[PDB]
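Novice: The structure that follows is given in the form of structure tokens.
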Amino acid sequence: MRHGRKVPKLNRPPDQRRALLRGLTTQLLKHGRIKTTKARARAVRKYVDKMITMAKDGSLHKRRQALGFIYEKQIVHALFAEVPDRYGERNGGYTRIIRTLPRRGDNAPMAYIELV
Amino acid sequence: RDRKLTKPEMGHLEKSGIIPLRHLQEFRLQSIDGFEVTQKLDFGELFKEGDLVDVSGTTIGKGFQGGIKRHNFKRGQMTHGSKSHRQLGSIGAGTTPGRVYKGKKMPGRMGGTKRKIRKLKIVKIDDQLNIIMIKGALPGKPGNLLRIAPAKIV
Amino acid sequence: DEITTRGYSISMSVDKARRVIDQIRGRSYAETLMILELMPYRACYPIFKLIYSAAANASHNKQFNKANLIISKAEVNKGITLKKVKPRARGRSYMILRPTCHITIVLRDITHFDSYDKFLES
Amino acid sequence: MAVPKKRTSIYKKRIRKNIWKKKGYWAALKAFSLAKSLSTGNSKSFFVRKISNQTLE
RNA sequence: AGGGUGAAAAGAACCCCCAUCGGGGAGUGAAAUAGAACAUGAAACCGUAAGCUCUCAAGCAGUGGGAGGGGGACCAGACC
RNA sequence: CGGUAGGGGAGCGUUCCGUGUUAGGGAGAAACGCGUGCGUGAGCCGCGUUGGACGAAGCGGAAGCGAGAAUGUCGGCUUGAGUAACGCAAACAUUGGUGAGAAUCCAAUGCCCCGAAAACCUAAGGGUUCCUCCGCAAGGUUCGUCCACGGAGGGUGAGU
RNA sequence: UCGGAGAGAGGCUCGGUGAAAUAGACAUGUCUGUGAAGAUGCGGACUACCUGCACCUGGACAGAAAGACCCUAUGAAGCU
RNA sequence: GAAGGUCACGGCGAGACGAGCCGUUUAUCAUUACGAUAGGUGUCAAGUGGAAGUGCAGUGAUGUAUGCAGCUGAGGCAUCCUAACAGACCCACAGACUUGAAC
């Protein structure tokens, strides 16, 4: 194990990580619950909460850089006026994970991510 | 002395207090025993200051460390070499009985193991609050146990 | 061997499989259906409908209650294999075989004889 | 690489079949989670307001 | 490469489990521990159950002597 | 009275035939065990079970007369094995639909790759693999309600 | 010359499908000596709990190849 | 059916797979038994760097003031708001013979 390791690099190049992540992100603040592996859940976890704290501060500084992650101009305004304002009293814990029954024909992992 | 542990605590009530992580014993050197107070400090009040003190920490771990890392001295190319350099350098014979000469340098694994540095002078020493300053070295990464034994220079 | 139901020509194997039935052996009809639904192995099927196949029928066909049922016999045997061919290098080092399975278990009541006896003076 | 001489087959092969012991429900207890009547072996959704359900009351 | 279930197929309605693949029963037949992979179906190979031996003991390991153990003996008689 | 190559001297068993539509068998061959009795031996005799039909005692006659090895031949079945592999490195995931089940089907929102190309058209060849409705054991070195898989229909109408 | 670190495709674990060269038989430790004379299986002695995974890979004159080297057999196939 | 072990969960300057170390929402019982192992958050440090917007000067490019501002991965402190679930199973019931020294 890498001394002081964090954020899995998956089995694909770096540029391949900041691409797939952009999906599970918007799809999370657009629908609600998203099924995925336990690894992805732990990964997307931070990439999502770190995007929510930005909206909490509002302003434009947390909008230009934010857009660098998600491209949907529909889910962006959301954070700047939807669920983040609901956590204006809660410091953290924006996302929530939970394990479930194994895959279908495949081993594991499996979990559903949803906002608390 | 509550969480995790349970049996070691109750098995310590024998005239004493506050249990550490791992009880370590010593040898003969004329010192106090369980009859006056039963509590050793960090002053030693005898080992004398100025002298050097040894430090036995716990070595780190590089996983299934190869052989080129437990010796660091094996040539090899990579851009065209078939040895890829990293290779152990291909050790062994081809048509000789012997017995693969056991004990010879090989990859193997690595992990926590005693080290001991010995010697090493001291710059500052403080008691009560507990704290010591060793001249660099200090085996293992901050998070072990260490024995910080006096000095077995003899 | 009271009731023996299962089948044959399964699309499973003889190695990967069986390792699932060797755990349900000597187990009740419940202790076996509460573990298979947790076994992340494909062998769980059609072995799942198996434990249910040996049962249920033995309830209306014969005089066997739902309880006291335990897997007496159980074993996976290799049936018929097919010699397939797959290219690789000039075609020579090949044979190929599909180890099929046709396990055949059986359920039956349980013996046991308990009769506690004590004295209560009043 | 090389090639094996005499294939014992019997015995040896059999012994190397113990490590693959019947892994009965590889997981913790996760028994009855109360008011479940049964529920899957491994841990599952807890009990509270209709959660994880596709539809609500 | 690949032969023949049975005399005649009456070569299996219906019922139960499954995805209305598969099996088990109910029936037919002198028989399906003969039913479409089917007659009599051994061996090589692959398993379950039962008794004994089996972690401080090694070399194509059987053989001769030989205790103990699980069973079968004879109204001891010391054997398989 | 050890015995190779060899020479010489005695026999068993197997298929068939003569002596046999005599006799044994459906109250029953064949296949396996056992009685471990019997002969110098290869074996023979009796018998239980299973099983389904004939087979054949004695002497002689006629044999394509019994092999665990000729890198034998044919077929089946072990082991290395359940190790590797699952076949350019142009990643993938999600919300729904259908289904017993689908990360790879379909539908939607995107990412990513190519962009004189892994676009289209045409010749050779191939030749019905095109389309639609279903099914899937086998063929798809994962599954598959998916498919150029299988089983039924439909479809190539120019004097230029 | 002393190379190290990091990013990918394998390797490792799990789930599904699923090979091979090869092999008389195995309860196939080392060493000295011996032996048609460089065997683990002979003799003496020492050492050594039973059984896997990953890796490095000398032994089993390992595997594939009745060797293209030499010679032998009044062989053969071409050439001069 | 206890001590204890094991499994799982949240993680590890420890690992190929196992093992090993810390912890499991009272952060297991009394006495403060010192009991956030991780992700996120807040602050700080460090590394880039003085950006967006806006105003002004210039035809433009460009530059200046706010800006030594903002952004910010594994570093440090602090914070458990999310997940560490109440429980189970496994393992048992003071436990052999003889002799000696004691009683």
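Identifiers in this document derive from the order of the structure tokens: chains are assigned A, B, ..., residues are numbered from 1 separately in each chain, and ligands are numbered from 1 in order of occurrence.
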Find the residues of chain D in contact range of chain F, meaning any atom within 9 Å when counting only C-alpha atoms (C1' of nucleotides), and list them as a PyMOL selection string.

Specialist: chain D and resi 3-4+7-10+13

Novice: Please return, as an mmCIF file with N, CA and C atoms, in the first residue's frame, all residues of chain A lying within 12 Å of chain D when only C-alpha atoms are considered.

Specialist:
```cif
data_model
loop_
_atom_site.group_PDB
_atom_site.id
_atom_site.type_symbol
_atom_site.label_atom_id
_atom_site.label_comp_id
_atom_site.auth_asym_id
_atom_site.auth_seq_id
_atom_site.Cartn_x
_atom_site.Cartn_y
_atom_site.Cartn_z
ATOM 1 N N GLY A 32 -31.090 11.458 -7.780
ATOM 2 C CA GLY A 32 -31.123 11.204 -6.351
ATOM 3 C C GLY A 32 -30.265 10.021 -5.944
ATOM 4 N N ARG A 33 -30.641 8.833 -6.409
ATOM 5 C CA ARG A 33 -29.902 7.618 -6.088
ATOM 6 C C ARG A 33 -29.183 7.069 -7.315
ATOM 7 N N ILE A 34 -27.921 6.693 -7.133
ATOM 8 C CA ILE A 34 -27.114 6.150 -8.219
ATOM 9 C C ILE A 34 -26.390 4.886 -7.765
ATOM 10 N N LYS A 35 -26.574 3.800 -8.508
ATOM 11 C CA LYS A 35 -25.934 2.533 -8.177
ATOM 12 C C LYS A 35 -24.535 2.461 -8.777
ATOM 13 N N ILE A 97 -23.679 6.500 1.721
ATOM 14 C CA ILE A 97 -23.508 5.229 1.026
ATOM 15 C C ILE A 97 -24.124 4.073 1.806
ATOM 16 N N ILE A 98 -24.226 2.919 1.155
ATOM 17 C CA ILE A 98 -24.793 1.727 1.775
ATOM 18 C C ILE A 98 -24.611 0.512 0.869
ATOM 19 N N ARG A 99 -24.111 -0.579 1.441
ATOM 20 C CA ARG A 99 -23.888 -1.805 0.684
ATOM 21 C C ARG A 99 -25.185 -2.590 0.520
ATOM 22 N N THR A 100 -25.242 -3.419 -0.518
ATOM 23 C CA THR A 100 -26.424 -4.228 -0.790
ATOM 24 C C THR A 100 -26.047 -5.598 -1.345
ATOM 25 N N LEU A 101 -27.040 -6.308 -1.869
ATOM 26 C CA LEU A 101 -26.829 -7.635 -2.437
ATOM 27 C C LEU A 101 -25.835 -7.565 -3.595
ATOM 28 N N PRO A 102 -24.941 -8.561 -3.702
ATOM 29 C CA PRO A 102 -23.935 -8.612 -4.768
ATOM 30 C C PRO A 102 -24.520 -8.409 -6.164
ATOM 31 N N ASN A 107 -19.241 -10.865 -9.038
ATOM 32 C CA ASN A 107 -18.970 -10.868 -7.605
ATOM 33 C C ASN A 107 -19.459 -9.602 -6.904
ATOM 34 N N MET A 110 -21.087 -3.496 -4.626
ATOM 35 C CA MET A 110 -22.354 -2.879 -5.009
ATOM 36 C C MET A 110 -22.861 -1.985 -3.883
ATOM 37 N N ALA A 111 -23.326 -0.791 -4.238
ATOM 38 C CA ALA A 111 -23.836 0.152 -3.249
ATOM 39 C C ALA A 111 -24.637 1.272 -3.904
ATOM 40 N N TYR A 112 -25.551 1.860 -3.139
ATOM 41 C CA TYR A 112 -26.387 2.948 -3.633
ATOM 42 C C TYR A 112 -26.042 4.252 -2.921
ATOM 43 N N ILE A 113 -25.740 5.286 -3.699
ATOM 44 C CA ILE A 113 -25.396 6.587 -3.137
ATOM 45 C C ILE A 113 -26.588 7.537 -3.215
ATOM 46 N N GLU A 114 -26.878 8.206 -2.103
ATOM 47 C CA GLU A 114 -27.994 9.143 -2.042
ATOM 48 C C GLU A 114 -27.726 10.244 -1.021
ATOM 49 N N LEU A 115 -28.276 11.426 -1.278
ATOM 50 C CA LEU A 115 -28.102 12.563 -0.383
ATOM 51 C C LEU A 115 -28.905 12.358 0.897
ATOM 52 N N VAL A 116 -28.291 12.671 2.032
ATOM 53 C CA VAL A 116 -28.945 12.521 3.327
ATOM 54 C C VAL A 116 -30.125 13.477 3.466
#
```

Novice: Any chance you could list, as a list in words, the residues in chain B that come up alpha helix (DSSP H) when DSSP is run on the backbone?

Specialist: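 Residues meeting the alpha helix (DSSP H) criterion: residues 7, 8, 9 and 10 of chain B.
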
Novice: Show which residues sit within 9 Å of stretch 26-41 of chain F, as an MDAnalysis selection string. Count only C-alpha atoms (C1' of nucleotides), and ignore same-chain residues fewer than 6 positions away.

Specialist: (chainID E and resid 40:42) or (chainID F and resid 12 47:55)

Novice: Put those residues in a file: N, CA and C atoms (P, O5', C5', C4', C3', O3' and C1' of nucleotides), as a PDB file, in the first residue's frame.

Specialist:
```
ATOM      1  P     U E  40     -29.884 -52.844 -20.071  1.00  0.00           P
ATOM      2  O5'   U E  40     -29.152 -54.230 -20.353  1.00  0.00           O
ATOM      3  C5'   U E  40     -29.791 -55.468 -20.054  1.00  0.00           C
ATOM      4  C4'   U E  40     -28.826 -56.615 -20.241  1.00  0.00           C
ATOM      5  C3'   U E  40     -27.497 -56.474 -19.518  1.00  0.00           C
ATOM      6  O3'   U E  40     -27.596 -56.902 -18.163  1.00  0.00           O
ATOM      7  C1'   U E  40     -27.107 -57.123 -21.755  1.00  0.00           C
ATOM      8  P     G E  41     -26.687 -56.197 -17.041  1.00  0.00           P
ATOM      9  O5'   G E  41     -26.543 -54.701 -17.570  1.00  0.00           O
ATOM     10  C5'   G E  41     -25.513 -53.844 -17.087  1.00  0.00           C
ATOM     11  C4'   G E  41     -24.419 -53.724 -18.120  1.00  0.00           C
ATOM     12  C3'   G E  41     -23.422 -52.597 -17.907  1.00  0.00           C
ATOM     13  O3'   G E  41     -22.380 -52.999 -17.025  1.00  0.00           O
ATOM     14  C1'   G E  41     -24.131 -52.628 -20.170  1.00  0.00           C
ATOM     15  P     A E  42     -21.605 -51.895 -16.151  1.00  0.00           P
ATOM     16  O5'   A E  42     -20.167 -52.536 -15.912  1.00  0.00           O
ATOM     17  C5'   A E  42     -20.015 -53.731 -15.151  1.00  0.00           C
ATOM     18  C4'   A E  42     -18.693 -54.388 -15.469  1.00  0.00           C
ATOM     19  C3'   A E  42     -17.467 -53.500 -15.327  1.00  0.00           C
ATOM     20  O3'   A E  42     -17.002 -53.479 -13.983  1.00  0.00           O
ATOM     21  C1'   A E  42     -17.378 -54.635 -17.397  1.00  0.00           C
TER      22        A E  42
ATOM     23  P     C F  12      -6.096 -81.029 -22.316  1.00  0.00           P
ATOM     24  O5'   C F  12      -6.189 -79.563 -21.699  1.00  0.00           O
ATOM     25  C5'   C F  12      -6.358 -79.372 -20.297  1.00  0.00           C
ATOM     26  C4'   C F  12      -6.478 -77.901 -19.979  1.00  0.00           C
ATOM     27  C3'   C F  12      -7.546 -77.149 -20.757  1.00  0.00           C
ATOM     28  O3'   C F  12      -8.816 -77.280 -20.130  1.00  0.00           O
ATOM     29  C1'   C F  12      -5.524 -75.926 -20.812  1.00  0.00           C
ATOM     30  P     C F  47     -25.241 -75.073  -9.381  1.00  0.00           P
ATOM     31  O5'   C F  47     -25.140 -73.854  -8.359  1.00  0.00           O
ATOM     32  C5'   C F  47     -25.436 -74.033  -6.977  1.00  0.00           C
ATOM     33  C4'   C F  47     -25.057 -72.798  -6.196  1.00  0.00           C
ATOM     34  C3'   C F  47     -25.668 -71.496  -6.689  1.00  0.00           C
ATOM     35  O3'   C F  47     -26.970 -71.306  -6.144  1.00  0.00           O
ATOM     36  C1'   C F  47     -23.351 -71.194  -6.351  1.00  0.00           C
ATOM     37  P     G F  48     -27.969 -70.245  -6.820  1.00  0.00           P
ATOM     38  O5'   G F  48     -27.605 -68.866  -6.109  1.00  0.00           O
ATOM     39  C5'   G F  48     -27.915 -68.649  -4.735  1.00  0.00           C
ATOM     40  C4'   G F  48     -27.469 -67.270  -4.308  1.00  0.00           C
ATOM     41  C3'   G F  48     -27.977 -66.123  -5.167  1.00  0.00           C
ATOM     42  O3'   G F  48     -29.275 -65.713  -4.752  1.00  0.00           O
ATOM     43  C1'   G F  48     -25.653 -65.873  -4.812  1.00  0.00           C
ATOM     44  P     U F  49     -30.287 -65.069  -5.822  1.00  0.00           P
ATOM     45  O5'   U F  49     -29.615 -63.673  -6.195  1.00  0.00           O
ATOM     46  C5'   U F  49     -29.516 -62.628  -5.231  1.00  0.00           C
ATOM     47  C4'   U F  49     -28.737 -61.465  -5.801  1.00  0.00           C
ATOM     48  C3'   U F  49     -29.250 -60.923  -7.125  1.00  0.00           C
ATOM     49  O3'   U F  49     -30.290 -59.972  -6.913  1.00  0.00           O
ATOM     50  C1'   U F  49     -26.913 -61.247  -7.258  1.00  0.00           C
ATOM     51  P     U F  50     -31.464 -59.818  -8.000  1.00  0.00           P
ATOM     52  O5'   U F  50     -30.753 -59.113  -9.238  1.00  0.00           O
ATOM     53  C5'   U F  50     -30.258 -57.781  -9.137  1.00  0.00           C
ATOM     54  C4'   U F  50     -29.389 -57.456 -10.330  1.00  0.00           C
ATOM     55  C3'   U F  50     -30.043 -57.665 -11.686  1.00  0.00           C
ATOM     56  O3'   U F  50     -30.786 -56.514 -12.075  1.00  0.00           O
ATOM     57  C1'   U F  50     -27.919 -58.700 -11.672  1.00  0.00           C
ATOM     58  P     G F  51     -32.127 -56.687 -12.942  1.00  0.00           P
ATOM     59  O5'   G F  51     -31.615 -57.267 -14.335  1.00  0.00           O
ATOM     60  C5'   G F  51     -30.736 -56.512 -15.163  1.00  0.00           C
ATOM     61  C4'   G F  51     -30.184 -57.380 -16.267  1.00  0.00           C
ATOM     62  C3'   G F  51     -31.222 -58.067 -17.141  1.00  0.00           C
ATOM     63  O3'   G F  51     -31.646 -57.203 -18.193  1.00  0.00           O
ATOM     64  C1'   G F  51     -29.600 -59.645 -16.457  1.00  0.00           C
ATOM     65  P     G F  52     -33.159 -57.282 -18.731  1.00  0.00           P
ATOM     66  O5'   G F  52     -33.064 -58.214 -20.020  1.00  0.00           O
ATOM     67  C5'   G F  52     -32.217 -57.867 -21.112  1.00  0.00           C
ATOM     68  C4'   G F  52     -31.685 -59.115 -21.776  1.00  0.00           C
ATOM     69  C3'   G F  52     -32.731 -60.065 -22.341  1.00  0.00           C
ATOM     70  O3'   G F  52     -33.093 -59.682 -23.665  1.00  0.00           O
ATOM     71  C1'   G F  52     -31.232 -61.281 -20.986  1.00  0.00           C
ATOM     72  P     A F  53     -33.856 -60.728 -24.621  1.00  0.00           P
ATOM     73  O5'   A F  53     -32.668 -61.533 -25.313  1.00  0.00           O
ATOM     74  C5'   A F  53     -32.909 -62.737 -26.035  1.00  0.00           C
ATOM     75  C4'   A F  53     -31.683 -63.618 -25.989  1.00  0.00           C
ATOM     76  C3'   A F  53     -31.823 -64.990 -26.631  1.00  0.00           C
ATOM     77  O3'   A F  53     -31.558 -64.930 -28.029  1.00  0.00           O
ATOM     78  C1'   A F  53     -30.853 -65.220 -24.488  1.00  0.00           C
ATOM     79  P     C F  54     -32.111 -66.090 -28.995  1.00  0.00           P
ATOM     80  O5'   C F  54     -31.568 -67.432 -28.331  1.00  0.00           O
ATOM     81  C5'   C F  54     -30.351 -68.034 -28.770  1.00  0.00           C
ATOM     82  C4'   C F  54     -29.483 -68.374 -27.582  1.00  0.00           C
ATOM     83  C3'   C F  54     -28.281 -69.261 -27.863  1.00  0.00           C
ATOM     84  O3'   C F  54     -27.168 -68.498 -28.318  1.00  0.00           O
ATOM     85  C1'   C F  54     -29.438 -70.073 -25.967  1.00  0.00           C
ATOM     86  P     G F  55     -26.012 -69.210 -29.180  1.00  0.00           P
ATOM     87  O5'   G F  55     -25.217 -70.088 -28.114  1.00  0.00           O
ATOM     88  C5'   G F  55     -24.516 -69.471 -27.036  1.00  0.00           C
ATOM     89  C4'   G F  55     -24.243 -70.477 -25.944  1.00  0.00           C
ATOM     90  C3'   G F  55     -23.420 -71.693 -26.343  1.00  0.00           C
ATOM     91  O3'   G F  55     -22.025 -71.419 -26.265  1.00  0.00           O
ATOM     92  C1'   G F  55     -25.331 -72.401 -25.153  1.00  0.00           C
TER      93        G F  55
END
```

Novice: When you look at stretch 45-57 of chain G with a cut-off of 10 Å (counting only C-alpha atoms (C1' of nucleotides)), what residues show up, excluding the ones that are within fewer than 5 positions of it in the same chain? I need them as a VMD selection string.

Specialist: (chain B and resid 64 66 to 67 88 90 to 93 100 105 to 109) or (chain D and resid 12 15 to 19) or (chain E and resid 55 to 58) or (chain G and resid 12 29 to 32) or (chain H and resid 16 to 18)

Novice: Where in chain C does DSSP assign strand (DSSP E), given as a PyMOL selection string?

Specialist: chain C and resi 70-73+106-108

Novice: Restrict the calculation to only C-alpha atoms (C1' of nucleotides), then for each residue of chain D with any atom at most 6 Å from an atom of chain H give the closest atom pair and their distance in Å to one decimal, rows by chain and rising residue number, as a tab-separated table.

Specialist:
```
residue	atom	partner	partner_atom	distance
D:27	CA	H:8	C1'	5.9
D:28	CA	H:8	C1'	4.4
D:29	CA	H:88	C1'	5.1
```

Novice: Using the selection just defined, write its residues with C-alpha atoms as a compact mmCIF listing (two decimals), in the first residue's frame.

Specialist:
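The result, written out as result14.txt:
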```txt
# COMPACT_ATOMS: atom_id res chain seq x y z
CA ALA D 27 -20.05 -12.54 5.77
CA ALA D 28 -20.75 -11.61 9.39
CA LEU D 29 -23.84 -12.63 11.35
```

Novice: Do you have, as JSON lines, the list of residues of chain H lying at most 12 Å from chain B, each with its nearest atom pair and that distance in Å to one decimal, counting only C-alpha atoms (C1' of nucleotides) and ordered by chain then number?

Specialist:
```
{"residue": "H:3", "atom": "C1'", "partner": "B:7", "partner_atom": "CA", "distance": 8.1}
{"residue": "H:4", "atom": "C1'", "partner": "B:7", "partner_atom": "CA", "distance": 9.2}
{"residue": "H:12", "atom": "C1'", "partner": "B:143", "partner_atom": "CA", "distance": 11.5}
{"residue": "H:13", "atom": "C1'", "partner": "B:141", "partner_atom": "CA", "distance": 6.4}
{"residue": "H:14", "atom": "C1'", "partner": "B:61", "partner_atom": "CA", "distance": 6.9}
{"residue": "H:15", "atom": "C1'", "partner": "B:63", "partner_atom": "CA", "distance": 6.5}
{"residue": "H:16", "atom": "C1'", "partner": "B:64", "partner_atom": "CA", "distance": 7.8}
{"residue": "H:19", "atom": "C1'", "partner": "B:111", "partner_atom": "CA", "distance": 11.4}
{"residue": "H:20", "atom": "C1'", "partner": "B:112", "partner_atom": "CA", "distance": 9.2}
{"residue": "H:21", "atom": "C1'", "partner": "B:144", "partner_atom": "CA", "distance": 10.1}
{"residue": "H:22", "atom": "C1'", "partner": "B:4", "partner_atom": "CA", "distance": 9.3}
{"residue": "H:23", "atom": "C1'", "partner": "B:4", "partner_atom": "CA", "distance": 8.8}
{"residue": "H:24", "atom": "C1'", "partner": "B:4", "partner_atom": "CA", "distance": 10.7}
{"residue": "H:27", "atom": "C1'", "partner": "B:3", "partner_atom": "CA", "distance": 9.8}
{"residue": "H:28", "atom": "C1'", "partner": "B:3", "partner_atom": "CA", "distance": 6.4}
{"residue": "H:29", "atom": "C1'", "partner": "B:2", "partner_atom": "CA", "distance": 9.4}
{"residue": "H:30", "atom": "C1'", "partner": "B:2", "partner_atom": "CA", "distance": 11.2}
{"residue": "H:31", "atom": "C1'", "partner": "B:2", "partner_atom": "CA", "distance": 11.8}
{"residue": "H:32", "atom": "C1'", "partner": "B:2", "partner_atom": "CA", "distance": 11.5}
{"residue": "H:33", "atom": "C1'", "partner": "B:2", "partner_atom": "CA", "distance": 5.0}
{"residue": "H:34", "atom": "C1'", "partner": "B:1", "partner_atom": "CA", "distance": 8.6}
{"residue": "H:35", "atom": "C1'", "partner": "B:3", "partner_atom": "CA", "distance": 6.1}
```

Novice: Work out how far atom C1' of residue G:75 is from atom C1' of residue F:73, in Å to one decimal.

Specialist: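 Computed distance, atom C1' of residue F:73 to atom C1' of residue G:75, equals 29.6 Å.
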
Novice: Tell me, as a PyMOL selection string, which residues lie within 10 Å of residue C:106, counting only C-alpha atoms (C1' of nucleotides); anything in the same chain fewer than 5 positions away does not count.

Specialist: chain C and resi 1-6+50-51+53-55+69-74

Novice: Can you check which parts of chain A lie within 12 Å of chain G? Per residue, the shortest pair of atoms and distance in Å to one decimal, counting only C-alpha atoms (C1' of nucleotides), sorted by chain and number, as JSON lines.

Specialist:
```
{"residue": "A:9", "atom": "CA", "partner": "G:7", "partner_atom": "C1'", "distance": 10.1}
{"residue": "A:10", "atom": "CA", "partner": "G:8", "partner_atom": "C1'", "distance": 11.2}
{"residue": "A:11", "atom": "CA", "partner": "G:8", "partner_atom": "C1'", "distance": 8.7}
{"residue": "A:12", "atom": "CA", "partner": "G:8", "partner_atom": "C1'", "distance": 7.6}
{"residue": "A:13", "atom": "CA", "partner": "G:8", "partner_atom": "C1'", "distance": 6.7}
{"residue": "A:14", "atom": "CA", "partner": "G:7", "partner_atom": "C1'", "distance": 8.2}
{"residue": "A:15", "atom": "CA", "partner": "G:7", "partner_atom": "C1'", "distance": 10.9}
{"residue": "A:16", "atom": "CA", "partner": "G:8", "partner_atom": "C1'", "distance": 11.5}
{"residue": "A:102", "atom": "CA", "partner": "G:15", "partner_atom": "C1'", "distance": 10.2}
{"residue": "A:103", "atom": "CA", "partner": "G:15", "partner_atom": "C1'", "distance": 9.2}
{"residue": "A:104", "atom": "CA", "partner": "G:15", "partner_atom": "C1'", "distance": 9.6}
{"residue": "A:105", "atom": "CA", "partner": "G:15", "partner_atom": "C1'", "distance": 6.8}
{"residue": "A:106", "atom": "CA", "partner": "G:15", "partner_atom": "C1'", "distance": 4.7}
{"residue": "A:107", "atom": "CA", "partner": "G:15", "partner_atom": "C1'", "distance": 4.4}
{"residue": "A:108", "atom": "CA", "partner": "G:14", "partner_atom": "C1'", "distance": 7.9}
{"residue": "A:109", "atom": "CA", "partner": "G:14", "partner_atom": "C1'", "distance": 10.1}
```

Novice: Can you pull out every residue within 12 Å of stretch 18-21 of chain G, counting only C-alpha atoms (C1' of nucleotides), but drop anything in the same chain fewer than 4 positions away, and send it as a ChimeraX atom specification?

Specialist: /C:12-13,15-16,84-89,91-99 /D:1-5 /F:79-86,141-142 /G:63-64

Novice: When you draw a straight line from atom CA of residue A:68 to atom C1' of residue F:92, how long is it in Å?

Specialist: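 Atom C1' of residue F:92 lies 19.7 Å from atom CA of residue A:68.
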
Novice: Please build the interface table for chain A against chain H with a cut-off of 7 Å, listing for each qualifying residue the nearest atom pair and the distance in Å to one decimal; count only C-alpha atoms (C1' of nucleotides), order rows by chain and increasing number, and write it as JSON lines.

Specialist:
```
{"residue": "A:3", "atom": "CA", "partner": "H:13", "partner_atom": "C1'", "distance": 4.9}
{"residue": "A:4", "atom": "CA", "partner": "H:74", "partner_atom": "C1'", "distance": 5.6}
{"residue": "A:5", "atom": "CA", "partner": "H:74", "partner_atom": "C1'", "distance": 5.8}
{"residue": "A:6", "atom": "CA", "partner": "H:74", "partner_atom": "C1'", "distance": 5.7}
{"residue": "A:46", "atom": "CA", "partner": "H:40", "partner_atom": "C1'", "distance": 6.6}
{"residue": "A:49", "atom": "CA", "partner": "H:40", "partner_atom": "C1'", "distance": 6.8}
{"residue": "A:61", "atom": "CA", "partner": "H:52", "partner_atom": "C1'", "distance": 6.5}
{"residue": "A:90", "atom": "CA", "partner": "H:81", "partner_atom": "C1'", "distance": 5.7}
{"residue": "A:91", "atom": "CA", "partner": "H:41", "partner_atom": "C1'", "distance": 5.6}
{"residue": "A:92", "atom": "CA", "partner": "H:81", "partner_atom": "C1'", "distance": 4.9}
{"residue": "A:93", "atom": "CA", "partner": "H:82", "partner_atom": "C1'", "distance": 4.2}
{"residue": "A:94", "atom": "CA", "partner": "H:82", "partner_atom": "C1'", "distance": 6.9}
{"residue": "A:95", "atom": "CA", "partner": "H:82", "partner_atom": "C1'", "distance": 6.3}
{"residue": "A:96", "atom": "CA", "partner": "H:82", "partner_atom": "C1'", "distance": 5.3}
{"residue": "A:97", "atom": "CA", "partner": "H:83", "partner_atom": "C1'", "distance": 6.6}
```

Novice: Could you write out that same residue set with C-alpha atoms as a PDB file, in the first residue's frame?

Specialist:
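Just written: part23.pdb:
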```
ATOM      1  CA  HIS A   3       2.209   5.359   2.323  1.00  0.00           C
ATOM      2  CA  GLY A   4      -0.554   7.938   2.588  1.00  0.00           C
ATOM      3  CA  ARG A   5      -2.773   6.859  -0.296  1.00  0.00           C
ATOM      4  CA  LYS A   6      -6.147   8.402  -1.136  1.00  0.00           C
ATOM      5  CA  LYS A  46     -15.692  13.547  -2.148  1.00  0.00           C
ATOM      6  CA  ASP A  49     -19.417  17.017  -1.453  1.00  0.00           C
ATOM      7  CA  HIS A  61     -15.501  32.227  -7.941  1.00  0.00           C
ATOM      8  CA  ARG A  90     -24.987  20.983   8.448  1.00  0.00           C
ATOM      9  CA  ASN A  91     -21.195  21.198   8.194  1.00  0.00           C
ATOM     10  CA  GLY A  92     -20.667  18.026   6.183  1.00  0.00           C
ATOM     11  CA  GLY A  93     -22.195  14.657   5.392  1.00  0.00           C
ATOM     12  CA  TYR A  94     -23.722  15.689   2.074  1.00  0.00           C
ATOM     13  CA  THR A  95     -23.619  12.174   0.621  1.00  0.00           C
ATOM     14  CA  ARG A  96     -24.510   8.758   2.039  1.00  0.00           C
ATOM     15  CA  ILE A  97     -23.508   5.229   1.026  1.00  0.00           C
TER      16      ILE A  97
END
```

Novice: In Å to one decimal, how far is atom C1' of residue E:37 from atom CA of residue C:83?

Specialist: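 So the two atoms, atom CA of residue C:83 and atom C1' of residue E:37, lie 16.1 Å apart.
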
Novice: Could you list, as a ChimeraX atom specification, the residues of chain D having an atom within 8 Å of chain C when counting only C-alpha atoms?

Specialist: /D:20-26,40-42

Novice: Report as a list in words the set of chain G residues whose atoms approach chain B to within 7 Å, with distances computed over only C-alpha atoms (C1' of nucleotides).

Specialist: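 Here they are: residues 2, 56, 58 and 59 of chain G.
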
Novice: So that I can check the surroundings of residue F:14, please list as a list in words every protein, DNA and RNA residue that reaches within 12 Å of it, counting only C-alpha atoms (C1' of nucleotides) and ignoring chain neighbours fewer than 3 positions away.

Specialist: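 Answer for this query is residues 63, 65 and 66 of chain F.
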